[PDB]
Each structure stands twice: as structure tokens, then as C-alpha cells.
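The chain that follows stands alone, in the form deposited in one PDB entry, written as C-alpha cells.
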């Protein structure tokens, strides 16, 4: 089947890409890489980083990611990423790196590492937004350059398209976990009280920026059409609508949150990660060896 690779460092992300990944793990060969080596391109607190790595893994498992169907692993645990990244750093031009839209050198040399993350597994598709367009283009250029000289040409395509969830405080802005205003987003780990507060915070009619965003969250999470909801809330106010949407969000997160705690306090977590690295290390190790063979490294 086709290979999918996702490098990971809210409800809008869940809905936007993650929630469909749980169906797609059965059709496609999915790879979920916790890019801890990319994380260190900026200041990091060792304890926090280590903790965030575990949380992310648990969250992905809690959401439905099947460790037997997909490959969930930690980047640093697969040396091939660093090995391949160096080889690619030798074929990439400084100009290409400098041109990047986005002083620690990791901030400039990380693109070749991202290309290695992808190219290492002969991935066909990469579920990324427009913010990663340039990055994907560079990895495609590097793949072509290497191929012609001595990989599958990756493609940036999120396979099952969801809604674009916007911030609760700025309806024209995409909802992001890096928002200065915590009120702008809803975390997969937020508690009932927080969800309500965040959801509760001049037309007065429920028709499809602010209201429309709420409807998208409601629709995708409830399974009801935007028209269905429009009819159901006819002549109704935002209060009840918000009180309603707040309950659906909670009902969605609660099962996820409790699975997250089991994983977080279970030994299976580390066991599952050990297997992921093994599965990944196996595919990547082979690729690195072919790369070295083509370049002339070692024996």
C-alpha cells in the first residue's frame, strides 16, 4: 500500500488530520514519528521534553492509533535519521537552506533532517499544511537530485480532509496550540470546566466567522450536517447552542482522556515504543545502507 509519514513535535488538529488517521491506518502504511531531534533546534528543558515525548505518544495511542497497524516511534531512537540527514546535508545547497521562509545552526540545517525523516521510508504521502510546502518541495528536490546522481518523490497530501478549525477568540485565525491566548484553543486533555468556559467565551442566529466555526466543530464532532444543526437551532440563541456544543466536545474527549491515563501509567507504552523503533530502525537502516553504498561510504 501507499506509505504515509507524519513527524510530530488540540481539537482542531484532531479534527483536521488526526481523527481520520485512525481509519487510514488500515489502508495505508502509516508512520508517526515523534521528532524530538527537531525539538532541540530551539531551547528545551530536558525534563519537559522527556515528559512531552511520553504525553504525545500516549495521546496518539489514546486517540485510536493502532501500534499493530501503524508505526509509532521516537526519532532519536532511530540513528538512521541523523545518518541520512548528514548525507543529505552534503547534497543540499546553503542557498536552498537560507532561502527558507522561516543563532543556532540547527534552525538552518533542520530541513535536510526533515527530508531524511520522509525519504528514509520511501513514503508516498505527507500530511502537512501549506506552512510545510517549501519543506516538502526541498525534500522532493533532494530526492530527485540524489536519484538522478546515484527514493520515492514524496507528495504533500492530507488524505481525508476535515474542517479548518479556527481560534475561539479570533474566528479568522487558525486554532493553534502555540497561541498566546489559551482561550483560543481546546486541548485534548482539557477538563469539563475548561471546555465549558472556553466554549461559552450580534446577529443572534445559528446560520453558517465565529458561529460558523462553532458549527463546524459541532457538525464534525456530532456527526450531524451543518444544515441539520441549522434547522435544529432555528429561532434559538447562542447560549443553548454553546451549552450544547460544550457537551458534545466533552463526550468526545472523556473516552480519549481516560485511555490516555491508562497508557500514561502503563508499561505497555514503553513496550509499544520499543517495537516502533525496531520496525522503523529496520526500514531506515536498510535505506541508509543503500545510500552509503551509492555514495561510497564505509565498506
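Residue numbers count along the first chain shown, from 1.
According to the entry, the deposited sequence has no residues without coordinates between residue 86 and residue 87, so the chain runs continuously there. Stretches 75-83 and 163-171 differ in mean CA B factor, with 163-171 having the higher one. When 213-221 is weighed against 125-133, 125-133 comes out higher, by mean CA B-factor as recorded in the entry. Ranking 65, 34, 245, 40 by Cα temperature factor from the entry places 65 first.
Note on 114, 97, 120, 186: the highest value goes to 97, judged by CA B factor as recorded. Per-chain ranking of the deposited C-alpha B factor places residue 288 in the lowest third.
Looking at the C-alpha B-factors along this chain, the one for residue 107 belongs to the highest third. When the modelled residues of the chain are ordered by C-alpha B-factor, residue 294 sits in the lowest third. The PDB entry assigns residue 90 a C-alpha temperature factor belonging to the lowest third of its chain's modelled residues.
Quick note: we don't show the form deposited in another entry, though the next part is all about it.
Relative to the shown form, the CA atoms of residue 174 and residue 114 are brought 3 Å or more closer together in the other form. Compared with the form shown here, the C-alpha atoms of residue 70 and residue 159 sit at least 3 Å farther apart in the other form.
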